[PDB]
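S.K.: Kindly generate the corresponding structure for this input.
(2 chains, ligands or ions: 2)
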2 protein chains.
Amino acid sequence: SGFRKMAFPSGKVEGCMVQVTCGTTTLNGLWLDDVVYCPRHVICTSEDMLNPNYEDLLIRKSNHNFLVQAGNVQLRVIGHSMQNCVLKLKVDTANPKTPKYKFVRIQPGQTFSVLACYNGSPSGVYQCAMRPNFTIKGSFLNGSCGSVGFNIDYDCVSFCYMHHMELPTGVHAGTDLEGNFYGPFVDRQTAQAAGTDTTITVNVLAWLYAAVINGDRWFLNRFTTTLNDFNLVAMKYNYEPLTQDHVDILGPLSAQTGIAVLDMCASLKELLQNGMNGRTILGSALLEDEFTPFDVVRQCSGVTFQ
Amino acid sequence: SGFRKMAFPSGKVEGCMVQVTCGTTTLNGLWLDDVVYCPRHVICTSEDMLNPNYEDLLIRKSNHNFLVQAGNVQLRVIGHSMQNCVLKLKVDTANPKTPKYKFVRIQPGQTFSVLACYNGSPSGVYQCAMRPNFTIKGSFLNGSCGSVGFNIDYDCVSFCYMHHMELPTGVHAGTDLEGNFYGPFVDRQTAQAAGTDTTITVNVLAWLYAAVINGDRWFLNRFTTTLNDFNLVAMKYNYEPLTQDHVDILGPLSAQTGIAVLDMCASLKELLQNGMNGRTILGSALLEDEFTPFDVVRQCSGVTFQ
Ligand SMILES: O=C(c1cc(=O)[nH]c(=O)[nH]1)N1CCN(c2ccc(Cl)cc2)CC1
Ligand SMILES: O=C(c1cc(=O)[nH]c(=O)[nH]1)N1CCN(c2ccc(Cl)cc2)CC1
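M.R.: Numbers count the residues shown, from 1 in each chain, chains lettered A, B, ... in the order given. Ligands and ions are numbered 1, 2, ... in the order given. Sure, structure below:
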C-alpha cells in the first residue's frame, strides 16, 4: 500500500540524451537512430529571439556550425533540416542504445514523466500532467530546453513532449516530437500568456478511489447523483465536465472498491461545497488532479515494464 | 522555475536489478560485481515467518535452491552467506553494468530515491524521506521486497535502503545494504508498530526558502526570533527541535534570498499558530517536510550527474 507521485524508470531515455551547441547556445537533444532532435531556437542569437525568421537563420548555417556531444564522444553532423519547431540533425553514427520508441501526442489531462537535463546530462525525473490550458507545471532551470517527456508502454518508450520555454507565470510550454506546439504558443519571445486553467475532474475521482483503496474513507456518503447535476456543480468551481467516457474509464476502480462512479461524484460534490475542514486525503489538504485512472491502477495493482 | 518532487535518474540502478527465487518465494535482488544482495526472508516459507531461525533455514539450503534471473539470462549461484538481515549470493558472472557505488547508512530526515521493482523488473521511481521514527512512507505492493533506495553523488550511486516489509499502519521498513535494520524492527511477522513520528523542521524551512525563490512570499513577516523561543513553540506542535548545525546547513538558502534563518523561523512560528487560512505554498495546503536543504539547492540551482 501507499501512494506516491511515481515516475517511469528513466534508463531507456538517459541513453538518448545528448548536448547540442550552435554558436553561444547549448541545450539538450534527443538522439534516436542517426537523428538528433532539438528545439529549433538553438539557432537563434540574442538579437533573433524577438522576431526570428527561422528559414533565413537555418539557410545561413552549415553542418559544422552544430556541435553534438554524447558524453565524451563527438557526433559528426551529416545533414540538417527543420520539421515545424524541431531541428533534425542527421549524424554519422546511429545510437546503439536506441530503444523501441514511438512519437505520440497526448491530450490535456494525461500524465507523463519528464527527464530534466542540463548540458546533455540527466539531472532528475518527475511526473506531471498536461494541463487543460496546454501548459505543464514543470521544474526547469536555464539550459533545460530539449528535455523530454515520455511514457513507457511495456517495452516501448512513447515520447510526447520536448521542452521549449517558460512562460511569464512560471509554467512551461513545448511541442510534441514532430515539432507542433501544445497550445497557442510560439517559439519567439513575445507577450504570450497561458489561458485559464481548470481542474481535471476525472483525475480527482481516480485519486479519491486511490484513497479508498488505501483506507481513507471519511469523505464517502450514502448519496448518489446524476451526471448533469454533478456537472452543474462542477462548472461553478472551474472543474472540467464529466462525460460517460470518463465514467467508463473509472470502471476498474469502481469494480475494485464496490463504489459506483456516480456515488463517488456525490462525495466530490460535497467536498467542493463544504471543503475538507482540516482533514486530509492521502496526505494532501487539496484535491489532487495529476493522477489518471491508469496511474492509479498501475500503482494500486502493480504493472511493470521492460 | 517551478518545484517538483524530483527523483534521481534511475538508469544506473535499473541495470543491477535481478529476480531471486527460492522455493515458492520470488523477490528482487541487487546484482553488483559477482554478488546478488536480497532480503534473507526469501528463504522462509509460510510456516517460518512466525518465528524463523535463519541459521537453521540457511544451513538446509544449497546453491541450487536459489534461482537468480537477470532478464532472460540465468545466473549460476556459486556460494551463499548471510550478513545480518541480507543474503549475499555469489554468482559466476560479474555484472558488466556495475556502476561506481558505495553503501551508506542515512539519517532520519534525509531523502533518497526508490526504484520500486517486481520480479526483477523496474516499475517506477519516487522520492521519499527517512522519517524520524525510521520508517518510510513508500508505495509498495506484494513482491516489492528487495527494491532499493539510493542517492547519486556525481558519478557514484550511494545505496542506502533495501525494502523488507510493510508495517500494519501502511508504512515501510527495511535495512541498509549491510543488512542492519533502520529502526527497532525485525524480519519476522510479529506485533511491531512504528513509534510516534515528528515533522522534520529543517526540511520545512528549506521548503519555505524554495517557495520564496519561486515567488510565494505571503507568509513572510518582519519579526525575528531566537532558537530557544522557536524550539519552545516547535515542541508543542510535534516538530523536531532546531540546532545551530541546521541553521548552518540553511546558509546557502539564506544567502540567496537575503532572509536570515531566524527570520524565516518567525514566519514558521506564525504558520504553526494561525494556520494557512486557505492559502497555499508551492501548491500545497500543508507544510511539506520531505525536501532537504540539499534537495532545494539542487532543484533551484541545477546540479546534474554522470
Ligand atoms: O533555458 C531556458 C529556460 C527554460 C525554462 O524552462 N526555464 C528557465 O528559467 N530557462 N531558456 C529560456 C528560454 N530560451 C529561449 C526562448 C525562446 C527563444 Cl526564440 C530562444 C531562447 C532559452 C533559454
Ligand atoms: O511483498 C510483500 C509486500 C511488501 C510491501 O511493502 N507491501 C505489501 O503489500 N507486500 N510481502 C509482505 C512481507 N513479506 C514477508 C515479511 C516477513 C517475512 Cl519473515 C517474510 C515475508 C513478503 C511479502
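S.K.: quick one: what helix or strand has the spatially most central residue of chain A in it?
M.R.: The centroid of chain A falls nearest to residue A:112 when counting by Cα atoms, centre = their mean (4.5 Å). Using DSSP states H and E, residue A:112 maps to strand A:111-118.
S.K.: So that strand, near chain B or not?
M.R.: Yes. Contact of strand A:111-118 with chain B (Cβ under 8 Å from any Cβ of the partner chain) involves A:115, A:116, A:117, A:118. Where you see a C-beta, it was placed from the backbone N, CA and C, and this is true even at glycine.
S.K.: quick one: is that strand near ligand 1?
M.R.: No. Using Cβ under 6 Å from any ligand atom, we find that strand A:111-118 stays clear of ligand 1, coming within 8.9 Å at best.
S.K.: what's the angle between the helix or strand that comes right after that strand and strand B:111-118?
M.R.: On the C-terminal side of strand A:111-118, the nearest following helix or strand under DSSP H and E is strand A:121-129. Interaxial angle of strand A:121-129 relative to strand B:111-118 (axes from the mean of the first three to the mean of the last three Cα atoms, to 10 degrees): 70 degrees.
S.K.: Which other helices and strands does strand A:121-129 contact?
M.R.: Packing partners of strand A:121-129 (3 or more Cβ pairs under 8 Å, 6 or more residues apart in numbering or on different chains; DSSP states H and E): strand A:17-22, strand A:111-118.
S.K.: tell me which element the closest residue to the residue nearest to the centre of chain A other than its chain neighbours is part of?
M.R.: Nearest non-adjacent residue to residue A:112, counting by Cβ to Cβ, 6 or more residues apart in numbering or on different chains: residue A:149, 4.4 Å away. Here residue A:149 sits within strand A:148-153, counting by DSSP H and E.
S.K.: That strand and ligand 1, any residue contact?
M.R.: No. Residues of strand A:148-153 are not located near ligand 1 by Cβ under 6 Å from any ligand atom, the shortest gap being 12.7 Å.
S.K.: quick one: strands adjacent to that strand?
M.R.: Here strand A:148-153 is paired, per DSSP bridges, with strand A:111-118 (antiparallel), strand A:156-166 (antiparallel).
S.K.: so which of those strands gets nearest residue B:28?
M.R.: strand A:111-118 (21.0 Å; Cβ to Cβ).
S.K.: Off-centre distance for that closest one?
M.R.: Offset of strand A:111-118 from its chain centre (Cα atoms, centre = their mean, to the nearest Å): 8 Å.
S.K.: same question, stretch A:283-300
M.R.: 15 Å.
S.K.: Pull out the CA atoms of it and give them to me as PDB.
M.R.: Output of stretch A:283-300 as PDB, limited to C-alpha atoms (Å, rounded to 0.1, in the frame of the first residue of the first chain):
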ATOM      1  CA  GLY A 283      -1.700  13.200   2.900                       C
ATOM      2  CA  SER A 284      -3.000  16.200   1.000                       C
ATOM      3  CA  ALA A 285      -5.200  19.000   2.100                       C
ATOM      4  CA  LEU A 286      -6.200  19.800  -1.500                       C
ATOM      5  CA  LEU A 287      -7.900  17.700  -4.200                       C
ATOM      6  CA  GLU A 288      -5.200  16.300  -6.400                       C
ATOM      7  CA  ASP A 289      -5.800  16.200 -10.200                       C
ATOM      8  CA  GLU A 290      -2.500  14.900 -11.600                       C
ATOM      9  CA  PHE A 291      -3.100  11.100 -11.400                       C
ATOM     10  CA  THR A 292      -5.000   9.500 -14.300                       C
ATOM     11  CA  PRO A 293      -7.200   6.400 -13.700                       C
ATOM     12  CA  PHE A 294      -4.400   4.500 -15.400                       C
ATOM     13  CA  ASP A 295      -1.800   5.900 -13.000                       C
ATOM     14  CA  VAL A 296      -3.900   4.700 -10.000                       C
ATOM     15  CA  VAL A 297      -4.400   1.200 -11.400                       C
ATOM     16  CA  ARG A 298      -0.800   0.900 -12.200                       C
ATOM     17  CA  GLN A 299       0.300   1.900  -8.700                       C
ATOM     18  CA  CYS A 300      -2.600   0.100  -6.800                       C
END
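S.K.: mind listing the helices for chain A?
M.R.: A:11-14, A:54-59, A:201-213, A:227-236, A:244-249, A:251-257, A:261-274, A:293-299 (DSSP state H).
S.K.: Tell me which of these lies nearest to residue B:132.
M.R.: Comparing those by Cβ to Cβ, helix A:201-213 comes nearest, at 24.9 Å.
S.K.: For residue A:244, see how far away the residue of chain A most remote from its centre is.
M.R.: When each C-alpha in chain A is compared with the mean C-alpha position (Cα atoms, centre = their mean), residue A:222 comes out farthest, at 36.3 Å. From residue A:222 across to residue A:244, the span is 24 Å (Cβ to Cβ, to the nearest Å).
S.K.: same deal with residue A:233?
M.R.: Applying Cβ to Cβ to residue A:233 and residue A:244 gives a distance of 18 Å.
S.K.: So which of those two has more stuff around it?
M.R.: Taking other Cβ atoms under 10 Å in any protein chain shown, residue A:233 and residue A:244 do not tie; residue A:233 has more neighbours (16 against 9).
S.K.: contacting residues around the more buried one?
M.R.: With contact taken as Cβ atoms under 8 Å, 6 or more residues apart in numbering or on different chains, residue A:233 is in contact with A:269, A:272, A:273.
S.K.: Please work out how many residues are found near the second one.
M.R.: Yep, that's residue A:272 we're talking about. 17.
S.K.: Chain neighbours aside, what residue packs nearest to residue A:32?
M.R.: residue A:98 (5.3 Å).
S.K.: Among the helices and strands packed on strand A:121-129, single out whichever gets nearest to ligand 2.
M.R.: strand A:111-118 (22.5 Å; Cβ to the nearest ligand atom).
S.K.: Nearest to ligand 2: which residue in the stretch 201-306 of chain A?
M.R.: Counting by Cβ to the nearest ligand atom, the stretch 201-306 of chain A gets nearest ligand 2 through residue A:302, at 9.6 Å.
S.K.: from memory that residue sits against residue B:141, does it?
M.R.: Yes. The pair residue A:302 / residue B:141 is scored as a contact, 4.3 Å apart, by Cβ atoms under 8 Å.
S.K.: got the phi/psi numbers for the residue of the stretch 1-150 of chain A found nearest ligand 1?
M.R.: As assessed by Cβ to the nearest ligand atom, ligand 1 sits closest to residue A:140 within the stretch 1-150 of chain A, at 3.3 Å. Backbone torsions of residue A:140, given as degrees, to the nearest 10, read phi -150, psi 130.
S.K.: The one 5 residues further on now?
M.R.: Per-residue torsions, residue A:145: phi -50, psi 140 (degrees, to the nearest 10).
S.K.: The closest residue to it other than its chain neighbours: how many residues sit nearby?
M.R.: Closest residue to residue A:145 apart from its sequence neighbours, by Cβ to Cβ, 6+ apart: residue A:27 at 4.2 Å. Using other Cβ under 10 Å, residue A:27 is surrounded by 24 other residues.
S.K.: Please consider this matter closed, and thank you.
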